[PDB]
Amino acid sequence: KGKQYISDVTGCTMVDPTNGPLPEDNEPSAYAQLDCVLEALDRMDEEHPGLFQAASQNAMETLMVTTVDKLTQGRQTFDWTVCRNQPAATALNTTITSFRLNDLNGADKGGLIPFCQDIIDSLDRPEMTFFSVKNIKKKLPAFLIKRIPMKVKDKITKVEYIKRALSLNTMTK
Amino acid sequence: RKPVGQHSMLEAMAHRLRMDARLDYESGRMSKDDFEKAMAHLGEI
Amino acid sequence: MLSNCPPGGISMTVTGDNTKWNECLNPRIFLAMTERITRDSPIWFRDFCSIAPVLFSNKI
Amino acid sequence: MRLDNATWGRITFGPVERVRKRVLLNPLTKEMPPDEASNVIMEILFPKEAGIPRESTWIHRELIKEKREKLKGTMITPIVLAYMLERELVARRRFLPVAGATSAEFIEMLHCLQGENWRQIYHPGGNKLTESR
Amino acid sequence: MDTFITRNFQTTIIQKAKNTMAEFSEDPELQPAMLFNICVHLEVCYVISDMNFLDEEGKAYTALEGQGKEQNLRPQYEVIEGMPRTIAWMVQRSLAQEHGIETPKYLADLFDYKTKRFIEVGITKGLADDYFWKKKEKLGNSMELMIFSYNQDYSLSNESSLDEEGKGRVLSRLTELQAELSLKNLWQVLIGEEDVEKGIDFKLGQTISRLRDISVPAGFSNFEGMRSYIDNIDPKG
RNA sequence: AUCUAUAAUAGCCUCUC
RNA sequence: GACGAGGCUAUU
Ligand SMILES: [Mg+2]
C-alpha cells in the first residue's frame with residue numbers, strides 16, 4: 001500500500017511504505033510515520049542531553065582511527081567479482097585488487113574513510129575491470145567431471161556492477 | 001603487533017635487511033665477503 | 001520499576017516479541033534516524049553515516 | 001601452588017545472596033592496562049621495531065631491563081614469550097556473581113567458594129596485599 | 001610554482017617530500033611552500049651524507065672522481081629523514097640498540113657512526129643562534145644539531161663532524177637556490193603564510209547522490225529537502 | 001572506588017512461518 | 001552452501 005516506482009539507477013521495482021496510509025487492522029505494517037519517529041527521537045534526546053552528540057563524536061573518532069583491515073574480521077562475505085561467497089579477507093583483497101585495476105588506490109592510504117570514498121567512486125565508473133574465477137571441465141572416466149579453477153580478467157558495465165554491489169547473497173541457516 | 005605503513009612491503013624489507021647487514025658488519029657478526037654479497041644483492045634488487 | 005510503582009496501584013509486565021521485525025523495518029526510517037542523530041556533526045560524517053541506509057534501501 | 005598451600009574450612013548450608021560485580025580473575029604482581037603492557041612487551045621482545053618511545057612506558061623502564069635479563073638467551077618463539085608476558089601483566093576482568101570475597105585469589109576458586117545455597121570456607125595460599133586486608 | 005621544484009630537486013627528493021607530507025596528512029597543492037622546504041632540507045642531508053666514507057680502519061675519507069662503486073661500501077652517515085616514519089624509527093631504534101645509547105624521544109635527521117651520535121639538521125630563516133637555542137629547548141645534548149640559514153649563517157654543534165669544504169659547498173648551493181628562486185620570482189610565493197583549516201573530505205558522487213535522492217521517505221523530492229526537514233521541524237504532538 | 005584500557009583466529013550460547 | 005550483533009571461553 002506504499003509508493004511503488006522504478007529505480008532510475010538500477011531499473012528495479014521500488015516500494016516505499018514510509019509515510020504511507022495508517023493501518024486499518026492488526027496485520028503487520030511497514031508504514032512508519034517519519035513525524036512520529038522524529039518525535040520519539042526528540043523525546044530520547046531531551047531525556048538524555050548530549051547523548052546523540054557524544055555518540056556521534058565517538059563514532060567519528062573511531063572511524064577516523066579505523067583501518068581498511070577492520071573488514072577482514074567477518075565470516076563468509078559476498079564477493080561481487082566471482083558472484084560467490086569468499087572469506088572476508090579474500091573478498092576484501094579481491095576488491096582492493098580490482099579497484100587497483102580501475103585506478104582506485106584509496107585502500108593504500110590505510111584508513112577506512114579513503115577506501116569507502118573509493119567504493120563511492122567505484123559506483124560511478126562507467127565500466128569495471130576485475131579478476132574472476134573460471135572453471136575448466138575435464139572428463140575423467142570412472143564418466144565424472146573434474147573442475148579446474150583459474151583467475152581470468154573480466155569486464156562488466158556500470159549498472160551490472162552497481163547491482164552486484166547492492167546484492168545480498170542468501171543461504172539457509 | 002599489526003605492522004603499520006603506507007609504503008610497500010618490498011621497500012620495508014629491503015631497508016630492514018640493509019640495516020641488519022650493516023649492523024652485523026659493524027658488530028662483527030658478518031665478515032667482508034658476506035657483506036659484499038649482501039650489499040650486491042640489495043643493490044641489484 | 002518495582003520500587004517506583006505508585007502506592008495502592010497496579011504494576012503489570014508484558015512479555016513481548018515483535019512479529020516480522022526485519023520484514024517491516026525500513027531502511028528509509030533508518031536513514032531518517034541517522035540524520036537526526038548526527039544533527040551537530042560535520043557534513044562529511046553525516047554523509048558517511050547516511051551511506052549505509054541508502055545502500056540498503058536499494059538492496060538486491 | 002596457590003591451590004596446594006591452601007586450607008579448607010567447614011561447609012555451611014543456607015541462603016547466599018550473590019551480587020554480580022566486575023572482578024579480577026587471576027592475581028598479578030604488576031598490573032597495567034593492555035596498551036601499556038603491549039608497549040612494554042614490544043620493548044622487551046622487539047626493541048628494534050617498537051616505534052615511538054611513548055612516555056607512558058617510563059614508569060616501567062626498569063622492569064623492562066629485568067625482563068630483558070631473563071630472556072637474553074632463550075630459544076622460545078617470541079610470540080609465545082609475548083603472550084606469557086601478557087599473561088603476567090595484562091589483567092582479565094569479568095562480571096561474575098560474588099558474595100563477600102572479590103580478591104583474585106578467591107575468584108580463582110569461586111566455583112568452589114559458594115553456590116546459591118551453600119558456602120565453603122577457603123584460605124588461599126601465598127600472600128595478600130595490605131589494601132585488601 | 002611546482003615547475004621550479006621539479007626541475008631543480010631530483011625525482012627522488014620530490015617523491016620523498018610528498019611521502020612525508022602524506023605521512024603528516026598535508027596536501028601538496030594547498031601548502032606548496034612546505035613541500036619546497038622539505039626538499040631543500042632533504043637535499044642538505046644527502047649532501048652531508050655524501051662527503052665521507054668509512055674505510056677498513058673505521059676512519060672517514062673524502063670522495064672524488066675516478067672511484068669505483070666497490071670502494072663505496074658503507075656511508076659515513078646514515079640518513080633518517082626522507083623515509084617513512086616506521087622505517088626511520090626502526091633504523092633509529094636499531095642504531096640505538098647496537099650502539100648502547102638511549103633512543104632519543106624524537107626522530108633524528110642523520111646518524112654519524114664515527115662519533116655514534118644522532119644529528120638534527122635544521123634550516124632557519126631568522127637568526128641561526130635563536131633557532132639553535134629553540135631546538136636546544138627540546139633535548140639539548142642528546143642529539144647534536146647543526147643549523148644552516150639562508151643568510152650564510154651556520155651554528156654547528158659542539159662536536160664538529162664536517163670539514164670547511166662541505167659547509168662551503170652547502171652554503172654555496174643554498175645561495176644558488178636563493179638566486180635562482182629570486183630571478184624566477186618565487187620568494188614571495190613561499191614567504192606567504194596561507195594555511196587555512198583543513199579537515200577530512202568525503203564527497204558523494206553522482207550515482208550515490210541519486211541513490212540517496214531516491215532513498216528518501218514519501219513526500220520528499222530529494223535528500224536535501226529531507227535533511228532540511230529533519231533539521232528544522234518540530235514534531236511535537 | 002575497575003571507571004579506563006583492550007591485537008588476531010576459532011569455538012559455544014542468545015537474539016521469520 | 002552456512003550471515004550479522006552481544007556475551008563468554010580457548011589459542012597464538
Ligand atoms: Mg519476548
Side-chain angles (χ1 to χ4, degrees), chain A residues 61-74 88-89 92-93 96 107-115, chain B residues 1-20 23, chain D residues 28 30-72 74-92, chain E residues 19 22-25 80 83-98 102-107:
Chain A
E61 292 167 350
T62 299
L63 175 62
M64 285 181 16
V65 302
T66 296
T67 71
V68 178
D69 85 81
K70 177 62 137 213
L71 302 174
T72 66
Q73 238 154 315
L92 177 62
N93 180 80
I96 288 168
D108 289 337
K109 289 199 212 151
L112 180 63
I113 293 170
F115 185 65
Chain B
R1 179 97 74 101
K2 293 202 299 304
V4 175
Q6 288 72 36
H7 52 278
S8 84
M9 288 168 69
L10 181 58
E11 143 166 5
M13 281 156 90
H15 279 291
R16 179 73 191 251
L17 296 174
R18 176 178 66 82
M19 274 308 289
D20 291 317
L23 296 173
Chain D
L28 304 172
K30 177 118 164 213
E31 154 175 357
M32 32 177 108
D35 44 345
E36 295 208 356
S38 181
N39 286 339
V40 168
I41 289 166
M42 285 292 289
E43 220 75 26
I44 293 162
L45 301 176
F46 319 103
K48 310 252 210 58
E49 37 174 350
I52 287 77
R54 302 298 188 180
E55 305 183 32
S56 172
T57 280
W58 193 352
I59 300 112
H60 316 304
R61 293 182 183 174
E62 293 177 350
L63 183 78
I64 294 165
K65 293 179 179 179
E66 180 172 6
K67 299 296 178 180
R68 289 181 73 64
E69 232 296 57
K70 293 181 178 180
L71 314 175
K72 182 174 184 180
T74 191
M75 260 309 123
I76 300 167
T77 186
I79 188 65
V80 163
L81 300 176
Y83 290 120
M84 181 201 66
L85 290 168
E86 274 197 32
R87 212 146 50 237
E88 149 191 287
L89 294 172
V90 177
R92 293 173 59 205
Chain E
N19 294 13
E23 290 262 18
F24 261 104
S25 190
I80 305 287
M83 263 159 24
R85 293 192 298 185
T86 316
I87 303 302
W89 261 126
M90 170 276 305
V91 168
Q92 173 165 310
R93 292 198 87 101
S94 306
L95 296 160
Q97 287 283 324
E98 297 229 15
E102 176 50 37
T103 307
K105 296 183 182 181
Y106 300 84
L107 183 61

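Lettering of chains follows the sequences in order, A, B, ..., and the numbering in each one begins at 1.
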Judged by atom type as modelled, is there a donor-acceptor pair below 3.5 Å linking the side chain of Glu43(D) to the main-chain atoms of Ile64(D)? no

Ignoring hydrogens and geometry, is there a side-chain-to-backbone donor-acceptor pair from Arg93(E) to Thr103(E) under 3.5 Å? no

Check against side-chain contact (heavy atoms from CB on, under 4.5 Å), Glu11(B) and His15(B): CA-CA 6 Å; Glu11(B) 143 166 5; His15(B) 279 291; 3.8 Å; yes

Verify the neighbour count for atom CZ of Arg61(D): are there more than 12 heavy atoms of other residues, nucleotides or ligands below 6.0 Å? yes

Kindly give the heavy-atom pair with the smallest separation between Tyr106(E) and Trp89(E), and that separation in Å. C-CH2, 4.0 Å

Can you find a pair of side-chain heavy atoms, one from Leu71(A) and one from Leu112(A), that are under 4.5 Å apart? yes

Please report the closest heavy-atom contact between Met42(D) and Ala50(D), naming both atoms and the distance. CE-CA, 4.2 Å

Evaluate the side-chain proximity of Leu92(A) to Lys70(A): yes if any heavy-atom separation is below 4.5 Å, no if none is. no

I'd like to know if the side chain of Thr66(A) and the backbone of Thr62(A) have a donor-acceptor N/O pair within less than 3.5 Å. yes

Please give me the minimum heavy-atom distance between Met83(E) and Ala88(E), naming the atom from each residue. CE-CA, 3.6 Å

Between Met32(D) and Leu63(D), does a side-chain contact (heavy atoms from CB on, under 4.5 Å) hold up when you go through it step by step? CA-CA 12 Å; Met32(D) 32 177 108; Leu63(D) 183 78; 4.1 Å; yes

Report the C-alpha separation of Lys30(D) and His60(D) in whole Å, then their side-chain angles, then the decisive distance to 0.1 Å, and conclude whether the side-chain contact (heavy atoms from CB on, under 4.5 Å) test is met. CA-CA 10 Å; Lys30(D) 177 118 164 213; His60(D) 316 304; 3.3 Å; yes

Which is it for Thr86(E) and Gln6(B) under the side-chain contact (heavy atoms from CB on, under 4.5 Å) test, yes or no, and what are the steps along the way? CA-CA 9 Å; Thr86(E) 316; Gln6(B) 288 72 36; over 6 Å; no

Do other residues, nucleotides or ligands put more than 12 heavy atoms under 6.0 Å from the CD atom of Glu69(D)? no

Hey, are the side chains of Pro3(B) and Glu49(D) touching, using non-hydrogen atoms and a 4.5 Å cut-off? no

With heavy-atom distances below 4.5 Å as the criterion, would you say the side chains of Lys109(A) and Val68(A) are in contact? no

Check whether any side-chain heavy atom of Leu23(B) sits under 4.5 Å from a side-chain heavy atom of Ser94(E), and report yes or no. yes

Any chance CE of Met13(B) has more than 12 other-residue heavy atoms, nucleotides or ligands included, within less than 6.0 Å? no

Provide the closest heavy-atom pair for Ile41(D) versus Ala82(D) in the form atom of the first, atom of the second, distance. CD1-O, 3.5 Å

Minimum heavy-atom separation for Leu28(D) to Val90(D), with atom names? CD1-O, 3.4 Å

For the residue pair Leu71(D) and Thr74(D), what are the closest heavy atoms and their distance? O-CG2, 3.6 Å

